[PDB]
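Listed in order, the protein sequences are those of chains C and A.
Throughout, the authors' numbering is defined as the position within the first sequence, counted from one, plus 1114.
Throughout, the authors' numbering is defined as the position within the second sequence, counted from one, plus 951.
Backbone N, C-alpha and C define an ideal beta-carbon position, used for all residues, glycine too.
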Amino acid sequence: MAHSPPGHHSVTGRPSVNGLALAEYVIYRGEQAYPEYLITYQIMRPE
Amino acid sequence: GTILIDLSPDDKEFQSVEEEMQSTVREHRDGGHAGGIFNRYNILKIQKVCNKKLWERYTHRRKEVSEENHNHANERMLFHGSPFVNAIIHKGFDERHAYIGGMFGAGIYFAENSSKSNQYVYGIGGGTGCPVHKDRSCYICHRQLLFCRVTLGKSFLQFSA
Ligand SMILES: COc1ccc(-c2cc(=O)c3ccc(O)cc3o2)cc1
Ligand SMILES: [Zn+2]
């Protein structure tokens, strides 16, 4: 596990080519997240 | 230490979480290779995860980061798909849940798009699909994602290709 960039707590990876892709984020300490909801699901085949 | 409380489909909390899941599905550039082909989900269950030890760790660190960033945790609710979801809900996030090969460094990755995290539920690139059918686009088997409370603090902005 790497370190946060100096002076930062996380990285924001922001897609700059796909205009419809939302952002993705990295943290470098497990204490920076809490697994609050557990969602059980199926993907659905298009009609 | 962890207990799981089922939410009712009539409960507003369930509805807001489902809405966050359903509305943040997008198409992927792999045409569904990694996570399957779908425009939406059948939500089977939403459970609230309750662990006092793990919550207090989170808020202890959240306060820490707040103070290093003009009193601003920059707290978000984000998705995470992992084959290790069972371990995460009982023992917390740690180094073994890290994406060593990830493109923004060896850390724990989250997404605003539920469909992005769905690509990791059976492993990196979807691994070999569901365990019963070896099908990355399985419509039968039950998947699980985490919708997580995440402290970003001061977040290094990296534009990506
Ligand atoms: C244990 O190995 C793992 C576990 C989870 C993930 C994971 C899980 C995700 O939900 C995820 C979302 C966006 C992204 O860019 C990367 C992501 O990676 C990666 C490797
Ligand atoms: Zn299956």
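Asked, Found
"Interfacial residues, the region 1116 to 1135 of chain C to chain A, with Cβ spacing under 9 Å", "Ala1116, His1117, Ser1118, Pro1119, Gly1121, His1122, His1123, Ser1124, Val1125, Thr1126, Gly1127, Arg1128, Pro1129, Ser1130, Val1131, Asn1132, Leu1134 and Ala1135"
"Contact with chain C by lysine 1105 of chain A, beta-carbon distance below 8 Å", "yes"
"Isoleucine 1039 of chain A Cβ short of 7 Å to ligand 1 heavy atom set", "no"
"Distance CB(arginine 1094 of chain A)-CB(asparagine 1064 of chain A) smaller than 8 Å", "no"
"Residue-level contact to chain C via CB, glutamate 1063 of chain A, 8 Å cutoff", "yes"
"Cutoff 8 Å: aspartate 962 of chain A Cβ touching any chain C Cβ", "no"
"Terminal residues of the alpha helix (DSSP H) in which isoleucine 956 of chain A lies", "Per DSSP, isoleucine 956 of chain A belongs to no alpha helix (DSSP H); it is in the beta strand (DSSP E), 954 to 957."
"Any heavy atom of ligand 1 nearer than 5 Å to the CB - residues listed", "C:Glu1138, A:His1031, A:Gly1032, A:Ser1033, A:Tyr1050, A:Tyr1060, A:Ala1062, A:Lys1067, A:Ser1068 and A:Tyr1071"
"Listed by chain order, chain C residues near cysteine 1099 of chain A by CB distance under 7 Å", "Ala1147, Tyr1148, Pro1149 and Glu1150"
"C-beta atoms of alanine 1024 of chain A and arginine 1008 of chain A nearer than 8 Å", "no"
"Distance cut-off 7 Å: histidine 1084 of chain A Cβ against heavy atoms of ligand 2", "yes"
"Endpoints, alpha helix (DSSP H) assigned at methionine 1054 of chain A", "Segment: none, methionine 1054 of chain A is in no alpha helix (DSSP H) and carries neither H nor E."
"Proximity of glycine 1104 of chain A and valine 1016 of chain A at Cβ, strictly below 8 Å", "yes"
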